[PDB]
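1. Before the rest arrives, take these chains from my complex:
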Amino acid sequence: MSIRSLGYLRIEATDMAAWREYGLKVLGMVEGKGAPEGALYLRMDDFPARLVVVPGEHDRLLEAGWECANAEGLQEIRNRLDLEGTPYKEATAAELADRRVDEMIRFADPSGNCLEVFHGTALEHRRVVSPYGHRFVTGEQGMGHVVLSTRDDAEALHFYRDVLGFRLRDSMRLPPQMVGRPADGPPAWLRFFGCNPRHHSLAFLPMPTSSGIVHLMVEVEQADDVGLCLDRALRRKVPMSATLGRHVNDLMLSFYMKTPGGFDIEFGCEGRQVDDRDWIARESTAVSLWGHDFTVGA
Amino acid sequence: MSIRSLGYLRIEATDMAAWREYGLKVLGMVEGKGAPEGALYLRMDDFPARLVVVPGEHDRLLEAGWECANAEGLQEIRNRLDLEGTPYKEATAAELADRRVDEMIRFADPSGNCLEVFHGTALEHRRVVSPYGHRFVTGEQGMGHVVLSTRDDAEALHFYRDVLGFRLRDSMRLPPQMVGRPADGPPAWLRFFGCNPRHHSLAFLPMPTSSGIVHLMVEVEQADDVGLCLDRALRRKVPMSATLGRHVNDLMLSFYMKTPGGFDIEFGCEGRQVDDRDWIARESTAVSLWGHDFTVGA
Amino acid sequence: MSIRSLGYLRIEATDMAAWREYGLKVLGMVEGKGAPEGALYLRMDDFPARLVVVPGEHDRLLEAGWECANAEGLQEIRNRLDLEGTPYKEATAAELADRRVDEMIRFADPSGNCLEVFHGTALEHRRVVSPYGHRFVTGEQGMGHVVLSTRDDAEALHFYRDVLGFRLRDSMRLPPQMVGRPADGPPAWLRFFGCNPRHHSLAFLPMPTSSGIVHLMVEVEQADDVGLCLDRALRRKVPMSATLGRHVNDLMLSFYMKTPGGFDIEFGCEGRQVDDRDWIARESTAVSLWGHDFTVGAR
Amino acid sequence: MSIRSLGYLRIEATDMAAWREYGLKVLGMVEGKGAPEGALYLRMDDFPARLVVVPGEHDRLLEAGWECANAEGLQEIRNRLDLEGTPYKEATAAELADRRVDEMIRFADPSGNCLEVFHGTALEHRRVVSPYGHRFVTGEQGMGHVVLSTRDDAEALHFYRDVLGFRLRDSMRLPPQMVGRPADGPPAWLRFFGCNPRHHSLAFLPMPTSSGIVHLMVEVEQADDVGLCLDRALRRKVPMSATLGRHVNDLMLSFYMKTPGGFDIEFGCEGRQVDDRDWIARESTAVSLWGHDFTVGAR
């Protein structure tokens, strides 16, 4: 059907205490109920967790989990993966119980970022209330989007578009020097990927990161929610990556800020919806309409 | 096309007089014109009957009738049934006249609840007016939904989803003890089934009942209609199964009450509509958002 | 302009720990700052407090507070009290500071019920977030309504309608023998008054109560918020006074429960709004369309 | 404020069994409770009765009842009757109890047509459910309209517009020779009055009728409700007075039929609503856009 949205992200961390206070006091997410080691479960809506943090010696991406509509929809991904020759494994009894899904397959892309593709998640039904009064925009758009590293842009395009069936939604070139090529280069390509109306749920920057993550975006309903988060971040001396601005691409009004795992979170609103029957995949030539001053890091 | 909705229910009863007064004074349905033995015909809209009660020595389900769009739509069900090897029979001349349909096939599932699958019903056109002023919600959603018993959940899923072509809309686990397994069990699964936008028209609880029915739901337009029915039920000392509440699943605002056939009726409003192009089949972990206190039986 | 809405309610209480637990875990209101020791401010929205609970020896109503649009709307109420000769005091500096208003007058109706009419309240701006996810319905409808006790319904009709300017919105007759009177001769009236679109902000029953108060109604956005409350209340063993129902007059979908003060709170949604330009004052002949079984049950 | 709408109509009748059968099986109204023996209460909505039928020796109109918003709206009507010197009586205790109102004044217009102006009516709250599935259109438009007979149209214009405050909404001229007058010299006027958005609540024809009444109009929601009525009426052999049509002035889609009192009822839908702030009083020159063939036919 087929992948349909970003379901969860599992990350590994060296500072579980900082994650807990950043997730609860800056992001205004809600902590989920146990939660093994722990192991922090961060909640946005009726999913048992969207952001799962497990303790370890590295600050990195473990898995990205991707929701399908049903059993048939997972089978479609299986059939595609076999057609290409991508090795994949069924979740073990213990993995299904842990993620709380009916079926799941595990595999990596050629970079290899690890993927979990699943169907039949459990939901928790008590209202999830942020103490700051914002609601996240999830539903049919899913969790948010993730921008990850790739070792090779053309190879990512192949895997995500041709093998897995994402749609190419947007493309932006990088000057050859920024990816270590001679100024004489081939530019390289940052490509954005859609699986549902959310402009993108996924993108591949062909430059390295230590975590494997460039940014995670989560969306709230209103500008005020973004603005109030900015103030909570500033008050807690969270480092800023980009100033408030509006994207050209997805029309998201957002700021970026460093998380305790070293990568950025984009916290935004007003994200653009895409119909695949109308959409023309083209190249954008700027990141923002205004704002998003990425020089603010240093 | 293919099954499209719940058309009617035929039940057998030991107390025809209690049915008549419950159907007319509590449910505010209208009695249809003859009506063999009798045989009570209960009406909700322009169908000649939705709930047909025939006298006998048991309080049980006889058949569930399922409407298709047309001749081609019934043929599609025939072709599916032959593909699996399910024996089925054409209605006799006398059966077609009795149900008042153009074509119908008779068969049972592996449990075997008996099914009638038909097209080309007659309608009656005089306004059907409840003396209590409510209107039932039928139309493209059909009669309502029925929760029946199954001897085996996985076998029901097969028959209904893979053979007949219902969509899996929702799934809820039962602890192993409640179905007679050791506390060490496999949980068993209550699975909800859709054939049109009505969240579900059918569900299978894998625990026995004497009638074969767990509940029949009928929907009215407004909360007030539900509330007024509650008061009519209480006044007539109808026993309650669950208190007013809201479902997690289908978002139905409803109460359950025992009928004269021993099974419950859920009388509700505000039921959720589902688009199969968007819908993610997931597992719910609670029955209600609030209310629906099922301890009220004893 | 006139009085425009119900602003706040100040009550006295014998169990402060029970009110805090109630206010917070059943009602889902939010604690304000920084009431006197150990008074309790309970918030619904950007009012510094809508329900103020102060320690004492009775469970009783102290004052109902009534909001005016501005200084001139308050003057119009002085002028009306003067025409009648109704005594009123201007608030003291400490009272203004305490209530967080710019002006305020105090008086009592003829049954001794105490009013504070004010304008120019401070507001607090950080979002009030119920742990339970509901939002209250206030704004131009104000905090809700209050049903108080009265000694004489004809004297109250005159004070509230003719002197103060509320509009009579509905009336319901009560049997002469359950007021203490014969079985021939005049009924007693429950009268519902409004000062804004909320069908009623005020009603008066001529029947005696220990606290001064027959009920406080607070309104939430949706049926789900009412059902989730009822469920918290049942879990916390709160005594029920009336089952869920829908009223005939204001079409409120609500249930009633006993508070730590032993008066009811009505917790409801879907309240009907009234335009004075077309509204006909009539007599209702039932409490409910359906439910609201007071048998469960007090009083 | 003023009179705001038509409340009820009380008629006298020679055949009570025929009116009950009519009221119930043709009109699809609902029987109320518990009229005097063997009076008939016919209900459209939550009014205890809108058409009250009492046993007698004639088929005639007894009183038209006119609803005011509240006590002060009734006082405004006293004050207007006093300015003119129009005699009126206050209702007795038994009359108040009988009509289920809080106050009521009785008088007559100069042709002797009797009015009851009231406020504070009781309502009944259990759903009124027509066996035929239609809903009537009442609310702020009230029960409907009535076309009565008048002796002098200029005296009626003054009483109804100038003394009582209805607005003139439309006028239609009638030939001088079908009033009894020459063939040179002045026409007689049919004048349509309103007191709310319903294009008219009241009209007066200067032409004689046995009953006092030219017609009663009641309004249902949709065309289908009108067509289904017409069909019940044809099945019950009710005498038709005018075929289905659409009026020019109120754009009512309606037919006319004879009642057991021998006056017409107009049964219609799609009535036009009027805002007094922009409404121009003019003269219509036809009854209908189409249909309404009175040839079928009375009178």
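-> Yes, it's here. Numbering: from 1, shown residues only, chains lettered A, B, ... in the order given.
2. Which segments of chain A make up each domain?
-> Here the domain parsing of chain A from curated CATH domains is A:1-133, A:134-298.
3. and the longest one, how far out from the chain's middle?
-> When you say that, I think you mean domain A:134-298. The gap between where domain A:134-298 is centred and where its chain is centred comes out at 9 Å by Cα atoms, centre = their mean, to the nearest Å.
4. can you check the shortest one too?
-> Counting by Cα atoms, centre = their mean, domain A:1-133 is centred 11 Å from the centre of its parent chain.
5. Would it count as contacting chain C?
-> Yes: against chain C, domain A:1-133 shows contacts by Cβ under 8 Å from any Cβ of the partner chain at A:127, A:129, A:130, A:131, A:132, A:133. C-beta here means a position set from N, CA and C on the backbone, and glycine is covered the same way.
6. Now name the helix or strand holding the second one.
-> Here residue A:129 is covered by no helix or strand, with elements defined by DSSP states H and E.
7. Hmm, it is touching residue C:134, no?
-> No: in this structure residue A:129 lies outside contact range of residue C:134 using Cβ atoms under 8 Å: 9.4 Å.
8. Which residue of the two possesses the greater neighbour count?
-> With neighbours defined as other Cβ atoms under 10 Å in any protein chain shown, residue A:129 and residue C:134 compare such that residue C:134 has more, 21 against 18.
9. Distance-wise, check the more buried one relative to chain D.
-> 29 Å (Cβ to the nearest Cβ, to the nearest Å).
10. Which residue is the nearest non-sequential neighbour of that residue?
-> residue C:225 (3.7 Å; Cβ to Cβ, 6 or more residues apart in numbering or on different chains).
11. Can you report phi and psi for residue A:35?
-> phi 70, psi 80 (degrees, to the nearest 10).
12. one step back: select, from the residues of domain A:1-133 next to chain C, the two members most distant in space.
-> A:127 and A:132 (14.7 Å; Cβ to Cβ).
13. Would you map the helices across the stretch 101-250 of chain A?
-> A:153-157, A:223-235 (DSSP state H, counting those that start in this stretch).
14. Residue of the stretch 151-298 of chain A nearest chain C, please.
-> residue A:228 (7.9 Å; Cβ to the nearest Cβ).
15. hang on, that residue packs against residue A:134?
-> Yes: using Cβ under 8 Å, residue A:228 is in contact with residue A:134, at 7.2 Å.
16. and chain E, same structure:
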Amino acid sequence: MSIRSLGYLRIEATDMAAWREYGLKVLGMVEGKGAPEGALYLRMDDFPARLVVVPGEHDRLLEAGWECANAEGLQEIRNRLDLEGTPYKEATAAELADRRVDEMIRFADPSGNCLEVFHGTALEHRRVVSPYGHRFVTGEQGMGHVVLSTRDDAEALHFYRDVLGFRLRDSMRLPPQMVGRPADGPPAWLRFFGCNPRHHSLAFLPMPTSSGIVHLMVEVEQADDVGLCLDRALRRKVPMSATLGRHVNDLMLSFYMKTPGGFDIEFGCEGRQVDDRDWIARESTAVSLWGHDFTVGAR
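-> Now chain E, sitting on the chains shown earlier:
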């Protein structure tokens, strides 16, 4: 209430056959019934006539007719004319019969322009169907607007605004030397007046015209109706005065053409509507946003 709109225009004409042909084949109006011999009634809607053309020796305006809501709205205009001492006559019986109104007063403004203020017009109810498929825009906006000639703009301002109660809606200055005055010293003003939401019903130019009239504007629903008219007019060799354009003040999309009377008709759509509660009277400094090239061309 006051004058509420422009009702009708009566003009005198030297060529009756040309006006009928124009009225009917260019304007797409419909012939009314049964004007005097051989006067011409031209209809836009249910008014018996909106443009009445009578045989004579000049092409001139006879009277502008102005509609009031009712008898009391007409009295308010008498009262205003009396305060000023402006002479007016009541209409005669034959005049009432002729104009098909219930009351009417005649007077002239200080430049001698003749007004008929009326209420209680007859309407005709069979559908007025333009052979060309357009509908005119009238209703509460009335027949359209008229730009007349004035001797003194300050005297007209006083008569129309202060005595009669139109609102000043816009003003446009005219060069002192094209009024006949020096080159130092005061401009002359074109003033636009309204009595309903139509941006203007009346304007006055202090510049001389043979007919009394600078222009008549009539409004149709859509741009297509304007373009189809222009095309009939070009086919019939009607002299153009101004090409299609959009006005700055009323945002009318219109063209101007010469009539058989030699004054212009403006034929337009999309006229802007005004609410007096927020409308600011200002000065425009151009006729058009675009087009309306009067060079084509008269005058």
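17. gap between residue A:292 and chain B?
-> For residue A:292, the distance to chain B - Cβ to the nearest Cβ - is 32 Å.
18. swap in residue A:225?
-> On the measure of Cβ to the nearest Cβ, residue A:225 and chain B end up 24 Å apart.
19. Surely that residue and residue A:269 touch.
-> Yes: counting by Cβ under 8 Å, residue A:225 touches residue A:269, with 6.4 Å between them.
20. Report the set of residues contacting both of those two.
-> Listed as contacting both residue A:225 and residue A:269 by Cβ atoms under 8 Å, 6 or more residues apart in numbering or on different chains is no residue at all.
21. For residue A:228, list the residues it contacts.
-> Contact analysis of residue A:228 by Cβ under 8 Å, 6+ apart lists A:132, A:134, C:127.
22. same question, residue A:205
-> By Cβ under 8 Å, 6+ apart, residue A:205 lies in contact with A:147, A:148, A:149, A:150, A:190, A:214.
23. Look up which residues are beta-bridged to the fifth one.
-> With DSSP bridges applied, residue A:190 shows beta-bridge pairing to residue A:172.
24. so it touches residue A:172, yeah?
-> Yes: at 4.7 Å, residue A:190 counts as touching residue A:172 under the criterion of Cβ under 8 Å.
25. what bridges to residue A:291?
-> residue A:245.
26. wouldn't it be in contact with residue A:248 here?
-> No: using Cβ under 8 Å, residue A:291 is not in contact with residue A:248; the gap is 11.5 Å.
27. residues in contact with residue A:251?
-> A:199, A:270, A:271, A:272.
28. doesn't residue A:252 make contact with the third one?
-> Yes: with the criterion set as Cβ under 8 Å, residue A:271 and residue A:252 qualify as a contacting pair; they are 4.7 Å apart.
29. what is in contact with those two at once?
-> Common neighbours of residue A:271 and residue A:252 are listed as A:199, A:219 (criterion: Cβ under 8 Å, 6+ apart).
30. Go ahead and add chain F:
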Amino acid sequence: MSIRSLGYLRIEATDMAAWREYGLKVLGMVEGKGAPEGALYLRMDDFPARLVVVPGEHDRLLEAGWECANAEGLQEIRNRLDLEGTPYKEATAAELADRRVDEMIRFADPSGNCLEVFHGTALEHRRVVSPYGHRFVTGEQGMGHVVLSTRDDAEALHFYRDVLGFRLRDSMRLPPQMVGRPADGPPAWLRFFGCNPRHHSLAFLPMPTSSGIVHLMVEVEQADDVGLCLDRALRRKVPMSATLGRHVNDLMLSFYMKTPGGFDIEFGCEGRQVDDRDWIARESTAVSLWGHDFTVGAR
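-> Let me put chain F in with the others:
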């Protein structure tokens, strides 16, 4: 009627080249025609100028200009100034020609702040097109708002509310010790006034400024227009006074920056609109919901 909105602002300036560059390249306003040598007209819409900048020796406010609906709305303001004995002069012929208005009166409030109240302004009709693609929000809300300096807040309250008729829309208390007063005893008030739906057109701070002006606010349609401005301002090295935020009182999403006059301009969107019939004048206790960090930073 009264004053209806803020019309224009006239300021004096020491650097004219800096204001032109600012006005044009940061604000995205459009240059008007043909101001005196070398005065600067800055346009937002069809007003000939909304911000008029004239060469001088200080950066100061000269006059705020206030628009009335018509001649009679201006008379109502004369009448109010007369009741108080407030001196005002009628404008001279050259002043009328210069301001492009029909009438105008000049006076000063009791702190010496100079007002020009006018009606009958000329408009210019060719589209005003910002090079940056934004549209300003003016119309019935007028040019924006201005926060001026005051010597006494109680005297200003009386002048602006009681004499001139603005409505008090909000109030915010300021610490007694940052006005120069003790630490016991009375706060000073920031008061926000409005004359139309724009939450405020005018506010007064009792704190000293070199220019007369605390800030000018101008409003654009959307958040994107604000963000694109901020970006032009950062590129042009304009000094920031307050970061982007949302106000508590008018829900304006805006940032503040220093102008070439050294007073702030607030550049914002999403301003809340007020209906006087339901608006309650209250006290706010924060500047912002979020952002608006004045630390960045002046003053």
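31. Repeat for the contacts of residue A:228, accounting for chain F.
-> A:132, A:134, C:127, F:289, F:290.
32. quick one: contacts for residue A:247?
-> A:253, A:254, A:287, A:288, A:289, A:292.
33. quick one: contacts for the fifth one?
-> For residue A:289, the residues meeting the contact criterion (Cβ under 8 Å, 6+ apart) are A:245, A:246, A:247, A:248, F:224, F:227, F:228.
34. now swap in the last one and tell me
-> If a contact means Cβ under 8 Å, 6+ apart, then residue A:292 has A:242, A:243, A:244, A:245, A:246, A:247, A:254, A:255, A:256 as its contacts.
35. Check the fourth one too.
-> Neighbouring residues of residue A:288 by Cβ under 8 Å, 6+ apart: A:245, A:246, A:247, A:248.
36. Quick check: the gap between residue A:202 and chain E.
-> Where chain E is concerned, residue A:202 sits at a distance of 49 Å (Cβ to the nearest Cβ).
37. right, and that residue touches residue A:190 too?
-> No: Residue A:202 lies out of contact with residue A:190 (Cβ under 8 Å); the separation is 11.7 Å.
38. Verify the stated contact: residue A:282 with residue A:168.
-> No: counting by Cβ under 8 Å, residue A:282 does not reach residue A:168; the two are 9.8 Å apart.
39. Residue A:264 contacts residue A:218, correct?
-> No: with contacts counted by Cβ under 8 Å, residue A:264 stays clear of residue A:218, the gap being 11.7 Å.
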